[PDB]
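Below is coords.pdb, which holds PDB, N, CA and C atoms.
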```
ATOM      1  N   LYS F   1      95.053 100.216 118.243
ATOM      2  CA  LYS F   1      96.072 100.083 119.297
ATOM      3  C   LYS F   1      97.489 100.174 118.725
ATOM      4  N   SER F   2      98.473 100.403 119.602
ATOM      5  CA  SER F   2      99.888 100.358 119.258
ATOM      6  C   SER F   2     100.354  98.903 119.221
ATOM      7  N   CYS F   3     101.273  98.578 118.302
ATOM      8  CA  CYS F   3     101.779  97.227 118.082
ATOM      9  C   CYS F   3     103.258  97.301 117.709
ATOM     10  N   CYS F   4     104.107  96.627 118.494
ATOM     11  CA  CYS F   4     105.563  96.672 118.427
ATOM     12  C   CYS F   4     106.136  95.287 118.108
ATOM     13  N   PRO F   5     107.337  95.228 117.504
ATOM     14  CA  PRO F   5     108.056  93.989 117.244
ATOM     15  C   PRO F   5     108.452  93.284 118.543
ATOM     16  N   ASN F   6     108.858  94.049 119.563
ATOM     17  CA  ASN F   6     109.475  93.508 120.765
ATOM     18  C   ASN F   6     109.395  94.504 121.921
ATOM     19  N   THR F   7     109.843  94.045 123.094
ATOM     20  CA  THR F   7     109.835  94.781 124.348
ATOM     21  C   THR F   7     110.687  96.050 124.258
ATOM     22  N   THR F   8     111.803  96.016 123.519
ATOM     23  CA  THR F   8     112.638  97.193 123.317
ATOM     24  C   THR F   8     111.870  98.258 122.529
ATOM     25  N   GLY F   9     111.088  97.837 121.527
ATOM     26  CA  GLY F   9     110.196  98.714 120.789
ATOM     27  C   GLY F   9     109.230  99.421 121.736
ATOM     28  N   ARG F  10     108.549  98.654 122.596
ATOM     29  CA  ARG F  10     107.674  99.210 123.622
ATOM     30  C   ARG F  10     108.422 100.197 124.516
ATOM     31  N   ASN F  11     109.613  99.831 124.998
ATOM     32  CA  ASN F  11     110.423 100.680 125.861
ATOM     33  C   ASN F  11     110.695 102.036 125.204
ATOM     34  N   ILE F  12     111.189 102.044 123.959
ATOM     35  CA  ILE F  12     111.532 103.279 123.262
ATOM     36  C   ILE F  12     110.266 104.111 123.022
ATOM     37  N   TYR F  13     109.198 103.476 122.521
ATOM     38  CA  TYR F  13     107.900 104.100 122.292
ATOM     39  C   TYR F  13     107.403 104.815 123.551
ATOM     40  N   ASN F  14     107.358 104.097 124.677
ATOM     41  CA  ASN F  14     106.916 104.616 125.963
ATOM     42  C   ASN F  14     107.796 105.778 126.431
ATOM     43  N   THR F  15     109.125 105.658 126.316
ATOM     44  CA  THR F  15     110.045 106.714 126.732
ATOM     45  C   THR F  15     109.794 107.995 125.928
ATOM     46  N   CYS F  16     109.669 107.857 124.605
ATOM     47  CA  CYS F  16     109.394 108.951 123.686
ATOM     48  C   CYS F  16     108.043 109.608 123.992
ATOM     49  N   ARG F  17     107.014 108.798 124.256
ATOM     50  CA  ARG F  17     105.699 109.278 124.661
ATOM     51  C   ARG F  17     105.784 110.058 125.975
ATOM     52  N   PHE F  18     106.565 109.552 126.940
ATOM     53  CA  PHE F  18     106.755 110.176 128.243
ATOM     54  C   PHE F  18     107.421 111.547 128.090
ATOM     55  N   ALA F  19     108.441 111.636 127.225
ATOM     56  CA  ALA F  19     109.102 112.890 126.882
ATOM     57  C   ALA F  19     108.112 113.875 126.254
ATOM     58  N   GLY F  20     107.293 113.397 125.307
ATOM     59  CA  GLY F  20     106.181 114.142 124.732
ATOM     60  C   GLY F  20     106.213 114.171 123.205
ATOM     61  N   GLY F  21     106.770 113.136 122.563
ATOM     62  CA  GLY F  21     106.729 112.995 121.118
ATOM     63  C   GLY F  21     105.384 112.416 120.683
ATOM     64  N   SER F  22     104.938 112.751 119.465
ATOM     65  CA  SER F  22     103.661 112.300 118.923
ATOM     66  C   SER F  22     103.628 110.775 118.823
ATOM     67  N   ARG F  23     102.431 110.181 118.922
ATOM     68  CA  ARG F  23     102.270 108.734 118.956
ATOM     69  C   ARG F  23     102.927 108.049 117.755
ATOM     70  N   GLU F  24     102.537 108.424 116.533
ATOM     71  CA  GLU F  24     103.081 107.819 115.323
ATOM     72  C   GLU F  24     104.578 108.088 115.174
ATOM     73  N   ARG F  25     105.052 109.279 115.564
ATOM     74  CA  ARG F  25     106.466 109.612 115.503
ATOM     75  C   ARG F  25     107.275 108.672 116.395
ATOM     76  N   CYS F  26     106.846 108.527 117.652
ATOM     77  CA  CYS F  26     107.443 107.622 118.622
ATOM     78  C   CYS F  26     107.370 106.169 118.155
ATOM     79  N   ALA F  27     106.246 105.768 117.553
ATOM     80  CA  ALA F  27     106.070 104.423 117.038
ATOM     81  C   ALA F  27     107.102 104.153 115.946
ATOM     82  N   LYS F  28     107.147 104.994 114.910
ATOM     83  CA  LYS F  28     108.090 104.895 113.814
ATOM     84  C   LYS F  28     109.533 104.842 114.316
ATOM     85  N   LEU F  29     109.888 105.798 115.180
ATOM     86  CA  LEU F  29     111.193 105.920 115.816
ATOM     87  C   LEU F  29     111.603 104.602 116.480
ATOM     88  N   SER F  30     110.684 104.003 117.243
ATOM     89  CA  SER F  30     110.936 102.775 117.985
ATOM     90  C   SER F  30     110.911 101.536 117.083
ATOM     91  N   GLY F  31     110.176 101.607 115.968
ATOM     92  CA  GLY F  31     109.987 100.518 115.023
ATOM     93  C   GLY F  31     108.655  99.797 115.235
ATOM     94  N   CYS F  32     107.699 100.442 115.916
ATOM     95  CA  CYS F  32     106.329  99.985 116.104
ATOM     96  C   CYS F  32     105.412 100.669 115.084
ATOM     97  N   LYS F  33     104.187 100.150 114.925
ATOM     98  CA  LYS F  33     103.093 100.829 114.240
ATOM     99  C   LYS F  33     101.971 101.148 115.227
ATOM    100  N   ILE F  34     100.991 101.932 114.763
ATOM    101  CA  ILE F  34      99.709 102.139 115.417
ATOM    102  C   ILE F  34      98.639 102.090 114.329
ATOM    103  N   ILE F  35      97.555 101.347 114.579
ATOM    104  CA  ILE F  35      96.468 101.141 113.628
ATOM    105  C   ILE F  35      95.132 101.107 114.373
ATOM    106  N   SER F  36      94.045 101.496 113.693
ATOM    107  CA  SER F  36      92.685 101.444 114.222
ATOM    108  C   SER F  36      91.989 100.121 113.871
ATOM    109  N   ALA F  37      92.754  99.099 113.472
ATOM    110  CA  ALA F  37      92.229  97.790 113.112
ATOM    111  C   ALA F  37      91.955  96.929 114.349
ATOM    112  N   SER F  38      92.610  97.234 115.483
ATOM    113  CA  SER F  38      92.529  96.538 116.766
ATOM    114  C   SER F  38      93.280  95.201 116.759
ATOM    115  N   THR F  39      93.265  94.497 115.624
ATOM    116  CA  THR F  39      94.003  93.268 115.386
ATOM    117  C   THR F  39      95.227  93.616 114.541
ATOM    118  N   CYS F  40      96.402  93.161 114.989
ATOM    119  CA  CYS F  40      97.696  93.396 114.362
ATOM    120  C   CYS F  40      98.228  92.073 113.802
ATOM    121  N   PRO F  41      99.039  92.109 112.733
ATOM    122  CA  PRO F  41      99.553  90.912 112.087
ATOM    123  C   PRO F  41     100.574  90.197 112.975
ATOM    124  N   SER F  42     100.804  88.905 112.697
ATOM    125  CA  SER F  42     101.754  88.048 113.401
ATOM    126  C   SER F  42     103.190  88.407 113.004
ATOM    127  N   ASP F  43     103.596  89.618 113.390
ATOM    128  CA  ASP F  43     104.844  90.282 113.044
ATOM    129  C   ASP F  43     105.186  91.313 114.121
ATOM    130  N   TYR F  44     104.162  91.959 114.701
ATOM    131  CA  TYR F  44     104.283  92.889 115.813
ATOM    132  C   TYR F  44     103.526  92.313 117.019
ATOM    133  N   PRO F  45     104.075  91.286 117.696
ATOM    134  CA  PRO F  45     103.376  90.528 118.729
ATOM    135  C   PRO F  45     103.287  91.238 120.085
ATOM    136  N   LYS F  46     103.983  92.370 120.284
ATOM    137  CA  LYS F  46     103.907  93.137 121.524
ATOM    138  C   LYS F  46     102.970  94.321 121.285
TER     139      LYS F  46
END
```
Represent the structure of the file as structure tokens.
Amino acid sequence: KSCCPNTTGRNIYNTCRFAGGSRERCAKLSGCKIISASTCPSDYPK
């Protein structure tokens, strides 16, 4: 799943995805990660 620091991270990620940027590119850009671990560390709580 995708995992972001905060709501602004989610906002930027979603906007970039809506425009049509790649998932990891949008994640990096916004300051989020994406991992196949399903569980994310207590650092990206959104």
Show which residues sit within 12 Å of residue 46 of chain F, as a PDB file with N, CA and C atoms, keeping the file's coordinate frame. Count only C-alpha atoms, and ignore same-chain residues fewer than 5 positions away.
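Writing the result to result37.pdb gives the following:
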```pdb
ATOM      1  N   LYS F   1      95.053 100.216 118.243  1.00  0.00           N
ATOM      2  CA  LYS F   1      96.072 100.083 119.297  1.00  0.00           C
ATOM      3  C   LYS F   1      97.489 100.174 118.725  1.00  0.00           C
ATOM      4  N   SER F   2      98.473 100.403 119.602  1.00  0.00           N
ATOM      5  CA  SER F   2      99.888 100.358 119.258  1.00  0.00           C
ATOM      6  C   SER F   2     100.354  98.903 119.221  1.00  0.00           C
ATOM      7  N   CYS F   3     101.273  98.578 118.302  1.00  0.00           N
ATOM      8  CA  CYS F   3     101.779  97.227 118.082  1.00  0.00           C
ATOM      9  C   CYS F   3     103.258  97.301 117.709  1.00  0.00           C
ATOM     10  N   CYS F   4     104.107  96.627 118.494  1.00  0.00           N
ATOM     11  CA  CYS F   4     105.563  96.672 118.427  1.00  0.00           C
ATOM     12  C   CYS F   4     106.136  95.287 118.108  1.00  0.00           C
ATOM     13  N   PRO F   5     107.337  95.228 117.504  1.00  0.00           N
ATOM     14  CA  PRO F   5     108.056  93.989 117.244  1.00  0.00           C
ATOM     15  C   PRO F   5     108.452  93.284 118.543  1.00  0.00           C
ATOM     16  N   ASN F   6     108.858  94.049 119.563  1.00  0.00           N
ATOM     17  CA  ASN F   6     109.475  93.508 120.765  1.00  0.00           C
ATOM     18  C   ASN F   6     109.395  94.504 121.921  1.00  0.00           C
ATOM     19  N   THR F   7     109.843  94.045 123.094  1.00  0.00           N
ATOM     20  CA  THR F   7     109.835  94.781 124.348  1.00  0.00           C
ATOM     21  C   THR F   7     110.687  96.050 124.258  1.00  0.00           C
ATOM     22  N   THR F   8     111.803  96.016 123.519  1.00  0.00           N
ATOM     23  CA  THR F   8     112.638  97.193 123.317  1.00  0.00           C
ATOM     24  C   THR F   8     111.870  98.258 122.529  1.00  0.00           C
ATOM     25  N   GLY F   9     111.088  97.837 121.527  1.00  0.00           N
ATOM     26  CA  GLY F   9     110.196  98.714 120.789  1.00  0.00           C
ATOM     27  C   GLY F   9     109.230  99.421 121.736  1.00  0.00           C
ATOM     28  N   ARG F  10     108.549  98.654 122.596  1.00  0.00           N
ATOM     29  CA  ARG F  10     107.674  99.210 123.622  1.00  0.00           C
ATOM     30  C   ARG F  10     108.422 100.197 124.516  1.00  0.00           C
ATOM     31  N   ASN F  11     109.613  99.831 124.998  1.00  0.00           N
ATOM     32  CA  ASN F  11     110.423 100.680 125.861  1.00  0.00           C
ATOM     33  C   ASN F  11     110.695 102.036 125.204  1.00  0.00           C
ATOM     34  N   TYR F  13     109.198 103.476 122.521  1.00  0.00           N
ATOM     35  CA  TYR F  13     107.900 104.100 122.292  1.00  0.00           C
ATOM     36  C   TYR F  13     107.403 104.815 123.551  1.00  0.00           C
ATOM     37  N   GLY F  31     110.176 101.607 115.968  1.00  0.00           N
ATOM     38  CA  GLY F  31     109.987 100.518 115.023  1.00  0.00           C
ATOM     39  C   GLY F  31     108.655  99.797 115.235  1.00  0.00           C
ATOM     40  N   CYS F  32     107.699 100.442 115.916  1.00  0.00           N
ATOM     41  CA  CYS F  32     106.329  99.985 116.104  1.00  0.00           C
ATOM     42  C   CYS F  32     105.412 100.669 115.084  1.00  0.00           C
ATOM     43  N   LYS F  33     104.187 100.150 114.925  1.00  0.00           N
ATOM     44  CA  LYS F  33     103.093 100.829 114.240  1.00  0.00           C
ATOM     45  C   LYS F  33     101.971 101.148 115.227  1.00  0.00           C
ATOM     46  N   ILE F  34     100.991 101.932 114.763  1.00  0.00           N
ATOM     47  CA  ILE F  34      99.709 102.139 115.417  1.00  0.00           C
ATOM     48  C   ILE F  34      98.639 102.090 114.329  1.00  0.00           C
ATOM     49  N   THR F  39      93.265  94.497 115.624  1.00  0.00           N
ATOM     50  CA  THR F  39      94.003  93.268 115.386  1.00  0.00           C
ATOM     51  C   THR F  39      95.227  93.616 114.541  1.00  0.00           C
ATOM     52  N   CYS F  40      96.402  93.161 114.989  1.00  0.00           N
ATOM     53  CA  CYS F  40      97.696  93.396 114.362  1.00  0.00           C
ATOM     54  C   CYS F  40      98.228  92.073 113.802  1.00  0.00           C
ATOM     55  N   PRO F  41      99.039  92.109 112.733  1.00  0.00           N
ATOM     56  CA  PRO F  41      99.553  90.912 112.087  1.00  0.00           C
ATOM     57  C   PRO F  41     100.574  90.197 112.975  1.00  0.00           C
TER      58      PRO F  41
END
```
Taking every listed atom of segment 14-30 of chain F and adding 3 Å to each side, what centre and edge lengths in Å (one decimal) does the axis-aligned box have, as lines of an AutoDock Vina configuration file?
```
center_x = 106.9
center_y = 107.9
center_z = 121.0
size_x = 15.3
size_y = 18.6
size_z = 20.4
```
**OP:** Would you please give, as a PyMOL selection string, all residues of chain F that DSSP assigns to strand (DSSP E or B) based on the backbone?
**Re:** chain F and resi 2-3+33-34
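Running DSSP on the backbone gives alpha helix (DSSP H) for these residues within chain F: residues 7, 8, 9, 10, 11, 12, 13, 14, 15, 16, 17, 18, 19, 23, 24, 25, 26, 27, 28, 29 and 30 of chain F.
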Computed gap from atom C of residue 12 of chain F to atom CA of residue 26 of chain F is 6.3 Å
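For the atom pair formed by atom CA of residue 45 of chain F and atom CA of residue 29 of chain F, the distance is 17.5 Å, given to one decimal.
For the pair atom CA of residue 37 of chain F and atom CA of residue 19 of chain F, the separation is 26.5 Å.
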